[PDB]
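Chains as they are written, first to last, in the deposited numbering: chain A, 61 to 118, 129 to 204, 231 to 245, 275 to 290, 306 to 321, 334 to 439; chain B, 3 to 137, 141 to 197, 214 to 335.
Working notes, structure below.
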DNA sequence: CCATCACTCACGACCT
DNA sequence: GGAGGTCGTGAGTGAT
């Protein structure tokens, strides 16, 4: 036709534009050059580039064996330690122990890993450091490590046993933090009024702990004249198939006082069986 | 007068410095020969950024002379994902070889067209990704589809899902590093050691017919104590509506539907654990199979922003 | 070996 | 004069 030539024009255009943008990204991110305002000769740009590409080292791979190390240790958040197998003495630790465990890096150096862990886990930690020739050189264990600032954090460690290139063997490992994270409180009840779950906000509003209320009828904490009213309200909530009902009654605190509480409740039904998984109750201290 | 033979030397000089770069680029000469000049000038920038970012930082490298023969170059093969490092504007700094297993395309193959993360991932996710790279909280986890191979497009149903877990790091003193932090991330595929998962099997009312035995690590419950318990009985009352609507969607006049949700589950001793939950139907009105991924509150917030924007743009 | 749209090289006039 | 970067066009090629 008439455009089997001018499309080629803009194709070569986009190619030249690609390389202009790239040679600019080289003209921003090289140290021997970023120290000017006069973007120099493009050939000199590539020449400072080859200067900075004669800087460090590295059949092949991309980066050297201290880059991948920093990277795997930052992706797998946590610290890397190196302990002697038999004595448990800490030969080496990375600085990342400070943001993970809050202990200064000088307190890990020299001490034994048995001091830094929980006493019940000490026998388990020994079991994994014992070199009896049990693929089979990698170790993986979950323990409780002492936090700095009683104070312990669960740490999942993965490493391997290596002869150091009585400390004929040493475990080189990485420890990840297995994080996994007023006026009202929520509670969950079954069809019968038996408390199945309590928000720990109850400690502050009524003074009871969660397990102090689990498994008891909600009416054993209601005030005798208000039992009938609460029982009828529960019975209606069961029939209201998701509607929110609201009732007011006097609740018996842990110091044996009577607090006025406004409870808003509705059933939760399962989308397939329509059975009452529980009655959700938001309890608000009103007076 | 005569611009030929004069303007030629310029081109054959810059295209000799390009060539003196490609013979330095840390690749193998099985592919160092099929590399366009455009690749060299789009692939050596990544190496140069790696160099300037790393050579310009305190020796915070964890160990010194421990993993010092090939073990660091061997654990990378056994990790269930691929390393990915880039700047907040999307320009890459490193992509381990391992990507060849997970997307079916080599490092020499993906980034050969362009410089940035947005040349590898699907253009349908570009918004979402950008959101998570602009939103101080040194943690960010978001789920994203990457472009795949033609060798695995013949065997997988499209472009791969990948969980991306990473954090923005302390940038080095520099000119382009100024105002542009560097995001280092572990990226694992979700369409089948650091990748925390306990798996579960639910019936048509989300009752735990079975669970993986690693649940004890992340919930404190043995598998014995969880069987046939109602999943809505493990949830946090705030996440009720999210799980209920996802359960409705999962129960339709057909099967084979993925259902994504970020929820909280109550542990044995009562701490709430953040679970990214991928429910799929291994059959229409058959079984329910759920992949559970424990995460941190930061990561849960990021993934929730993802899914909120996604349901917004439906 | 021979078209085909598509890469990806090189070229020589021709501005800033 | 003398760099140094661009542009529309010609051609060599790796590919289904």
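Virtual Cβ for every residue (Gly too), placed ideally from N, Cα, C.
May I ask which residues mark the beginning and end of the alpha helix (DSSP H) holding residue i?
i, result
"residue 194/B", "Per DSSP, residue 194/B belongs to no alpha helix (DSSP H); it is in the beta strand (DSSP E), 187-194."
"residue 86/A", "66-86"
"residue 315/B", "Per DSSP, residue 315/B belongs to no alpha helix (DSSP H); it is in the beta strand (DSSP E), 309-316."
"residue 152/B", "Premise fails: residue 152/B is in no alpha helix (DSSP H) and is neither H nor E."
"residue 48/B", "39-57"
"residue 154/A", "Segment 149-154 is the beta strand (DSSP E) holding residue 154/A; no alpha helix (DSSP H) there."
"residue 311/A", "Not the alpha helix (DSSP H): residue 311/A falls in the beta strand (DSSP E), residues 310-317."
"residue 236/B", "236-240"
Examine chain B for any beta-carbon lying closer than 8 Å to the beta-carbon of residue i, and answer yes or no.
i, result
"residue 136/A", "yes"
"residue 232/A", "no"
"residue 68/A", "no"
"residue 437/A", "no"
"residue 393/A", "no"
"residue 342/A", "no"
"residue 190/A", "no"
"residue 420/A", "yes"
"residue 165/A", "yes"
"residue 110/A", "yes"
"residue 375/A", "no"
"residue 102/A", "yes"
"residue 238/A", "yes"
"residue 364/A", "no"
"residue 85/A", "yes"
Residue i CB to nearest chain A CB: under 8 Å?
i, result
"residue 140/B", "Note on chain B: consecutive modelled numbers read 137 then 141, so residue 140/B has no coordinates in the structure shown."
"residue 5/B", "no"
"residue 76/B", "no"
"residue 299/B", "no"
"residue 277/B", "no"
"residue 87/B", "yes"
"residue 168/B", "no"
"residue 128/B", "no"
"residue 333/B", "no"
"residue 51/B", "yes"
"residue 152/B", "no"
Return the bridge partner residues of residue i from the DSSP annotation.
i, result
"residue 229/B", "223/B"
"residue 369/A", "346/A"
"residue 163/B", "Paired residues: none, contrary to the question."
"residue 400/A", "414/A"
"residue 339/A", "350/A, 433/A"
"residue 215/B", "DSSP, once it has assigned bridges, lists no residue as partnering residue 215/B."
"residue 298/B", "282/B, 313/B"
"residue 84/B", "192/B"
"residue 60/B", "DSSP output for residue 60/B lists no bridge partner at all."
Kindly indicate which residue of the options has the alpha-carbon position closest to the one of residue i.
i, options, result
"residue 362/A", "103/A, 88/A, 319/A, 338/A", "338/A"
"residue 72/A", "40/B, 5/B, 282/B", "40/B"
"residue 286/B", "65/B, 4/B, 236/B", "236/B"
"residue 184/B", "228/B, 192/B, 175/B", "175/B"
"residue 102/B", "19/B, 87/B, 83/B", "83/B"
"residue 52/B", "80/A, 238/A, 69/A, 141/A", "141/A"
"residue 225/B", "294/B, 54/B, 44/B, 270/B", "270/B"
"residue 89/A", "332/B, 327/B, 299/B, 180/B", "180/B"
"residue 280/B", "291/B, 289/B, 274/B, 268/B", "268/B"
"residue 129/A", "238/B, 33/B, 320/B", "33/B"
"residue 104/B", "193/B, 30/B, 91/B, 145/B", "193/B"
"residue 204/A", "286/A, 183/A, 179/A, 185/A", "286/A"
"residue 186/A", "373/A, 241/A, 194/A", "241/A"
"residue 350/A", "343/A, 365/A, 356/A", "365/A"
"residue 419/A", "152/A, 413/A, 432/A, 439/A", "432/A"
"residue 235/A", "334/A, 245/A, 197/A", "197/A"
"residue 278/B", "100/B, 26/B, 68/B, 309/B", "309/B"
"residue 154/A", "74/A, 289/A, 414/A, 109/A", "289/A"
Kindly indicate the opening and closing residues of the beta strand (DSSP E) around residue i.
i, result
"residue 195/A", "No beta strand (DSSP E) contains residue 195/A, which is instead part of the alpha helix (DSSP H) from 192-199."
"residue 95/B", "94-97"
"residue 286/B", "280-287"
"residue 280/A", "277-287"
"residue 389/A", "Run containing residue 389/A: none in the beta strand (DSSP E); it sits in the alpha helix (DSSP H), 379-391."
"residue 136/B", "Unbroken run through residue 136/B is the alpha helix (DSSP H), 128-136; no beta strand (DSSP E)."
"residue 238/A", "234-242"
Kindly give me the distance between the Cβ atoms of residue i and residue j, rounded to whole angstroms, as I take these residues to be in contact under 8 Å.
i, j, result
"residue 154/B", "residue 107/B", "5 Å"
"residue 118/A", "residue 315/A", "About 28 Å; that fails the 8 Å criterion."
"residue 95/B", "residue 109/B", "So it is not a contact: roughly 12 Å between Cβ atoms."
"residue 177/B", "residue 164/A", "Not a contact, Cβ separation roughly 19 Å."
"residue 107/A", "residue 19/B", "6 Å"
"residue 171/B", "residue 145/A", "7 Å"
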